[PDB]
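In case you want the letters, here they are:
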Amino acid sequence: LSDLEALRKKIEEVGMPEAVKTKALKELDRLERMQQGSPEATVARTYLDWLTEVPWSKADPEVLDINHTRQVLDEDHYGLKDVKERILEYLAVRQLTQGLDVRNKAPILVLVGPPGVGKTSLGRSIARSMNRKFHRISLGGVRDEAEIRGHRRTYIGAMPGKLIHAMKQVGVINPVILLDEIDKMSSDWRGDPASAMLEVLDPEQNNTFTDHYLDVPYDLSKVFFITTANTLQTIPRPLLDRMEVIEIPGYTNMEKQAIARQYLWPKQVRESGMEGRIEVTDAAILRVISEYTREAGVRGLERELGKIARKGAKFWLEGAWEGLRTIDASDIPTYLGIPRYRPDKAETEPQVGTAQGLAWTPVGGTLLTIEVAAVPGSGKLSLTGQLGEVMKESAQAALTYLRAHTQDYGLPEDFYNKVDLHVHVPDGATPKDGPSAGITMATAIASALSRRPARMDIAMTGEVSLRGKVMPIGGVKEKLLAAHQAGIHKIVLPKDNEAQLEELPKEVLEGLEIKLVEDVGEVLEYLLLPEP
Amino acid sequence: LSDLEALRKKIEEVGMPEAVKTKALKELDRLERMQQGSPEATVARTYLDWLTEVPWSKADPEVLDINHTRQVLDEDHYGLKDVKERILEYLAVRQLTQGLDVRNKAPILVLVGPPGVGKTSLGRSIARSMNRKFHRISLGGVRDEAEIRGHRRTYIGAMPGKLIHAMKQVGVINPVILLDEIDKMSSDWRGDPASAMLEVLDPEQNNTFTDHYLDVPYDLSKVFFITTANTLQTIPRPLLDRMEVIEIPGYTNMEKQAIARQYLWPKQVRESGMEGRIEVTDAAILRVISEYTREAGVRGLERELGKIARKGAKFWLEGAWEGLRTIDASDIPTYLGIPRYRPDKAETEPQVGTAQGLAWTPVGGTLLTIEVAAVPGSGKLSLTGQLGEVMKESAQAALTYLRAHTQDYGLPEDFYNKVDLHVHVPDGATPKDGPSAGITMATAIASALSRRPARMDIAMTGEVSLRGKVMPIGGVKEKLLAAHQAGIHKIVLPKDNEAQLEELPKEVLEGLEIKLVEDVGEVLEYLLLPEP
Amino acid sequence: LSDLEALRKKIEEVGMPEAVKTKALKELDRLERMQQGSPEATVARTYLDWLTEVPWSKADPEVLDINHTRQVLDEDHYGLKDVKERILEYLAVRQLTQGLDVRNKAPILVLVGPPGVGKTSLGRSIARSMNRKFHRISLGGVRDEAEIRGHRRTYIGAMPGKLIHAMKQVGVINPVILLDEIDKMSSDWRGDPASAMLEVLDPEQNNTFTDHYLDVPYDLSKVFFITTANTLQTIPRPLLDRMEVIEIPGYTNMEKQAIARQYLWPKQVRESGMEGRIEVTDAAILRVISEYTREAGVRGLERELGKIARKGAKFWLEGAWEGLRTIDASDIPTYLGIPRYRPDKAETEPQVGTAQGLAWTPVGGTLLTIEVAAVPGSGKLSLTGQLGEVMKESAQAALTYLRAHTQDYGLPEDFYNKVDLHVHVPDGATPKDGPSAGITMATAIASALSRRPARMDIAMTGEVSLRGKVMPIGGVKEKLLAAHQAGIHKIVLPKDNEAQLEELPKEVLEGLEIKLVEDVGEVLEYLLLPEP
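Conventions used here
Residues numbered from 1 in each chain as written, not as in the entry; some residues may be left out. Chains lettered and ligands numbered in written order. Heavy atoms only, no water. Helix = DSSP H or I, 4+ residues; strand = E, 2+ residues; numbered from the N terminus. Buried < 20%, exposed > 50% of the residue type's maximum accessible area, 1.4 Å probe, protein only. Contact = heavy atoms within 4.5 Å. Patch = residues over 30% accessible without salt bridge, like charges linked within 9 Å, V, L, I, M, F, W, Y side chains within 5 Å. Areas by Shrake-Rupley, 256 points an atom, 1.4 Å probe, with all protein chains shown as cover. Salt bridge = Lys/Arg side-chain N within 4 Å of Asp/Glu carboxyl O. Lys, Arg positive; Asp, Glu negative; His and termini not counted. Charge placed at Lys NZ, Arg CZ, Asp CG, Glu CD. Least-squares fit on C-alpha atoms. Core = buried A, V, L, I, M, F, W, Y, C linked by side-chain atoms within 4.5 Å. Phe/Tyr/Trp six-rings, centres within 6.5 Å; stacked < 30°, edge-to-face > 60°. Axes fitted to C-alpha atoms, helices over the stretch in contact; angles between N-to-C directions. Parallel < 35°, antiparallel > 145°, perpendicular 65-115°, else oblique. Nonpolar A, V, L, I, M, F, W, Y, C, P; charged D, E, K, R; others polar. Pairing = 2+ DSSP bridges. Buried area = accessible area lost by both parts, 1.4 Å probe.

Per the PDB record, the structure was determined using cryo-EM to 5.8 Å resolution.

Rendered as structure tokens:
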């Protein structure tokens, strides 16, 4: 057993500064016994194993061409390259603020988007484009700085932090570390991890970020830190300091197929081991989108990709016939099985108690349907489907608009007083009870008042007035994203957010016809060919 | 370990109560048997770490020059001449009971007010002046003295509070303490530290002070404290007891422009690393404020400044064609996007059922878009917008004065005997508590009864009579803050509060169309687009 | 464990009663397990810490004097020297306390009046004059009994009541406890604690008052309660027992000014740190009384003094030409704000259709211009202000009188046929229940109906008998003290309140000329500037 000679030469020959040389002499003091086991010797020997493998003043120089970085921006995704500009912004800050604490406490572009889009692509894009070292350490789901910092030498089971897991796995003191699930930590037992996240996030005390495993603090000077989440309102507001919100637009269908055939499907061909033998048509990929995966990411789509990859690769093991195995829409269930979704969702065979509206959650869109039971009776309002009160007042304002607008749309005039109105919106139980679909409320109201078919494939979202307006409303980006993903092509938007209409990349509006409204009476034609 | 021997040195050579000596030697009696042992090792060694690291027996010089402090009080966010009044008062108050009297017993004068006032910079200016160590802790949402103290001396897993970590942060027993968010503490589960707020308010009640982690009376009488907050209505009344509140008015836009041109963008250039390379015009900042964020304060404007500074960092990093980049107003659209708003809105298309009231919570002020559905029903009132009965009193009394002239404003005889009336406020209850914008309500009533357009840009708010006589609102300075941060320069003000109107800086009163009113048909001539 | 020793010997070093120490050792023996790591043992640690830190029959010195007790009572505001007789009569109860040890079945003295005019300081003089400990406790908005009793231990994290924790703060079984805002109890959240404080105030049940966090019923036998309120007619019946209201009248301006110069202004002179460095002329003091606060309170006057002292402390710090300075009536708008009030509030251009008259509040008495809109309509009556029906039927009595007096004072034959009548009192349910001021309403009624111009500087209040008469009430005394301090001079009172003039000073009544009539046509005459 030559552990002592080996660990001595490890301390001698791995680079270490002076206090670190002294902490290794302390480990040598917990060495110098003639057995293995004996958890002084075990924790000290493993401590030296951590210590010699976490580097010390070992780094790599960085090529810093923002334009070559922008040439590396041209990779990894077809993209729309929109906030890749914002990455260029922060890196322009980086290429100015070079070795100066003139800049202090720089916010470092935290990532929030749909899951399963390429974030790691962007991280390695940075790392390669800076000749830096990519690494991931998954730091969400954490309620503990014994996870984040060390577990104790004085304890059996002395762990370092997951940071030091990453740093043992790096050889440079200038890598780039991708930080995971950062809106998804907690604290219920033994500390708040968010404070250790603030100390690493502090770019002075990360150089003195110390663990409960460790003895002498470690430099986090030239490490770039890059951080990723997927929802938005669950941010620790101390950690809001020194971060920058980087919203990911989810990819649309042709964007997805571009990313697939440009990047993903050749990888899938290689994962089948083919040289390119299946010949994947792209309306087939459209079908793959249509009935087997619901996401804005790549995950289940690439799952079906690897599915066909493995299946045809096995088929190629079962005889070889073609390097032209041209994949169509039709062979897909032989490859993908029973179709997980319908071909159509705008198809509803348009009827009365119907709404069709736009909304979204930070990992996925949704549509908005409304039951309005209009029973003969005495005239009242009922709120069901876990309805909010902004919902209530919006629907009531629309209701009283129609009370002002009865025979204006073929309605008897005393309809507030002889017909009770049940309002079931089960995605009122979706938690945004904000003023997002008052027009949609009004349409379902007018539909059940008409007792006439509220029509399909006409999506609407926004606010009103009591005299009837279409007030400006936000988040039109993700709503038009999901409506393209809904494949609606008669989209009713404000003629008051039309200043925001041309703020967008034009491919979506080419894909999506917009029925812009500023009148309420305009959409009253849309979902009722039977206005009477 | 000799490290722990040094911990004993660094405790027992720091001046302590002998209670600390006793409790720490008992820790040494628990660090005589648990060396690598049970977490009685671990909590005791962290305990002695806390005893080493929390400062005792230190000092820091104070403020001495009131008018050099005024100098610093002009080096602040801006001069602003209304609260530094109170600051110097608080100063001289303390300096006369320097000599450490019982006259030191006093409120610490919380700085309650809306965002974008550079709340931190207040105490930052203080620490400049007091030459005394500034610190903050965010004080929002605290519901426990498990959030304020420990609950364990044994069994590591419980820690001191934020306050004691802030003490371990400094190495003095006299800092500047900025106390944030004192409105934002939240009494939620049983165990709320509301009386601990009195503890850190009452100076001999925290000269002897401890946690349930560290266990000795620790001085906070030597520690200066000062609070700040935002809005008054949520503060508990015993916490309002022993407390006098300092209201924060907003800014004006050219004052904000001064705040920019003297301070902000120079400091945006500080962080951009572009010192001597950027030029920004003044009416650019005019167009910035007037079109992009309607936020009360500076913050979104500050961030847009940083945004365009980073833009200039980018475009400068496209090659250096100048020692000095130079930027007008016309390219801020390329540097912010399509304009979010337009400058002062006198172009919002006068309205046949609708009026615009002033409001100011101390997070900010606004107009209130108010509409009455005049739906011919039975003839009755409705308070839509989910209202309190203060709205009922207000609108019904103003309404009754409208009933006082059922021909004398061009209208037929009955509207309350004939037409059901549905009155909408965009908020649930009154902003300045109770009736403070009743004339706006009646204004929308006169619009919606006339179907005659109501004059934009000329806002209104105030108190009514049955006989149509203006009753005075107070705090009308903040109504004008709401007008000017909305850019309204046409303000219908009481002939009552015209003496109160005299109490202002004329920078508030720049070119404002003050319609000194004391009756209602005055404003009926003022506020609809014809007199009917 | 160390916590085991510390929390354990508290059973055996704090003198507990037998069932107390019994269940304390039961806590000890249910515990002595692994305590840390389980929340049920931490709440059990607290459950110790309430029993092991509540007093056990330790007390204050019992000295029941009347004479030097009265000498400490001589320290009162102005030397009022009337209710200190009530104090020594309560000491005569303390002198006649034999059949109990604290004599209930005897008035234990609710205090209903203008809050904090020294009432707390009356309790301060009590605790001085009974050598006690003192604490307040306040009850605004309180409707819970777990703020009274111990919260249900069957809910984890249960707590003792606010009083019980307050007795976990104060350690004698005879403290002076000020029972504040007790007029705010109800049954919304777990019963009405009026009966809980009945049970606290039961003379043979307070010795075992049950709590249900600490399940052993807590002892009271000698705790010096002193009950205080602002209402006397909304007190529930059990808390309307074993007590009597002692009320302090309004200190006049010379009397308040003597409280200032005798006490409160040397208080600020001290508490400025300018001890004999400010003199103010006393006419300036009276001017402050007349112009900056309109209060039945006195503390806001010394808050004015606080502002004065802070200004002058600055100005002496901003130049010391004298230690002692003279402050005339000139710098009062300088060393305070603009004079908020005209000292003469009699310039109101006397009304024609709306009447000013006296009013009762929980903080005392005041003046209110009750408005009437005699609107054309269907002949109705509409009392707004959310009024009592007592107001409505006294208004009906006015209607009755005017139906009997149609062509007597000159009136239409419709205020009940085709003329609806809108009524607004500025408040709702008065503490002086019933028609406290119904004659003022009737004058506003005939003001709107007979259309004759009324008069200001004529205050009136009372009942309208359906006889066509005025019937007297009590409580008009302190409203007369208000109108005295409001500088009003003409009063119409009913004839039987001529003997109610007797306990009021005539120096109050020199300016207040009195028109002692209780005919209704005569009070039609005495208000209006033309008497019919």
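Student: Explain the environment of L139(C) residue by residue, including any values.
Tutor: Residue and element names in this part refer to chain C. Along the chain, the position of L139 falls in the loop between strand 2 (134–138) and helix 8 (162–167). Note on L139: relative accessible area 11%, which makes it buried. With 124 residues separating them in the primary sequence, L139 and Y263 have C-alpha atoms 29 Å apart. Not counting the four nearest positions on each side in its chain, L139 is found in contact with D180, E181, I182, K184 and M185.

Student: Lay out a positive patch on the surface in plain terms, naming residues and giving numbers.
Tutor: Together, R86(A), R303(B), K307(B) and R340(B) make up a region of like positive charge exposed at the surface. With respect to the element layout, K307(B) can be found in helix 12 (residues 299–316). Residue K307(B) is classed as partly exposed on the basis of its relative accessible area of 39%.

Student: Give me the lowdown on the relation of the copies chain B and chain C, citing residues and values where you can.
Tutor: Mapping chain B onto chain C is achieved by rotating through 56° and translating by 14 Å along the same axis, at an RMSD of 3.0 Å. With a heterologous cut-off of 20% or less, the 6% of interface residues of chain B that recur at the interface of chain C puts this contact in the heterologous class.

Student: Go over the nonpolar core with me, naming the residues and quoting the values.
Tutor: Judged by nonpolar contacts, the single largest core of 85 residues is most densely connected at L48(B), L51(B), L214(B) and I332(B). Looking at this core element by element, the count peaks at 7 residues for helix 3 (residues 40–53) of chain B. Not counting the four nearest positions on each side in its chain, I332(B) is found in contact with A284(B), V288(B), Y292(B), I308(B), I327(B) and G337(B). In terms of nonpolar packing, the next biggest core, distinct from the first, is built from 73 residues, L139(C), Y218(C), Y251(C) and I278(C) among them.

Student: Residue-level account of the packing of aromatic side chains, with values.
Tutor: A full pass over the atoms with the stated rule returns 17 aromatic pairs over all chains. When the ring of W189(A) is compared with that of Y155(B), the centres are 6.0 Å apart and the planes differ by 50°; the resulting orientation is tilted. With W189(A) in the loop between strand 3 (175–179) and helix 9 (193–201) and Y155(B) in the loop between strand 2 (136–137) and helix 7 (162–169), this residue pair bridges two chains. On the accessibility criterion, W189(A) (32% relative accessible area) is partly exposed.

Student: Got a sec to walk through the packing of helix 5 (residues 84–96) of chain A against helix 12 of chain B? Specific residues and values, please.
Tutor: Viewed as axis vectors pointing N to C, helix 5 of chain A and helix 12 of chain B meet at an angle of 75°, and their least axial separation amounts to 9 Å. By the angle between their directions, the pair helix 5 of chain A and helix 12 of chain B is classed as roughly perpendicular. In contact with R86(A), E89(A), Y90(A), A92(A), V93(A) and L96(A) of helix 5 of chain A, helix 12 of chain B contributes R310(B), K311(B), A313(B), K314(B) and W316(B). When grouped by side-chain class, the residues that make up the contact of helix 5 of chain A with helix 12 of chain B number 6 nonpolar, no polar and 5 charged.

Student: Summarise the sheet that holds strand 13 (residues 513–516) of chain C; cite the residues concerned and give the values.
Tutor: All names here are of chain C. Spatial strand order, 11-12-13: 3 strands in an open sheet with parallel pairing. Both outer strands of the open sheet, strand 11 (458–460) and strand 13, are each paired with one neighbouring strand and no more. Each neighbouring strand pair of the sheet contributes to a mean axis angle of 25°, computed without reference to strand direction.

Student: Outline the relation of the copies chain B and chain A, supporting the account with residue identities and numerical values.
Tutor: One copy of the chain maps onto the second through a rotation around an axis plus a translation along that axis. Of the transformation placing chain B onto chain A, the axial shift is 12 Å and the rotation is 57°, giving an RMSD of 2.1 Å. Here only 5% of the contact residues of chain B are again contact residues in chain A; the copies associate through non-equivalent surfaces.

Student: How would you summarise the interface of chain B and chain A if you had to cite specific residues and measurements?
Tutor: Each side of the interface is counted separately: chain B has 38 residues, and chain A has 32 residues. Buried area between chain B and chain A, summed over both chains or domains, comes out near 2,800 Å², and the portion from carbon and sulfur atoms is 56%. For the pair chain B and chain A, the interface holds 5 salt bridges. Residue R310(B) pairs with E244(A) through a salt bridge whose shortest N-O separation is 3.6 Å. Elements that contribute at least two residues to the side of chain B that touches chain A include exactly helix 3, helix 10 (253–272), helix 12, strand 7 (364–375) and strand 9 (420–424) of chain B. It is helix 12 of chain B that contributes the most residues to the side of chain B that touches chain A, 5 residues altogether. Here the side of chain B that touches chain A is built from residues that sort into 12 nonpolar, 15 polar and 11 charged.

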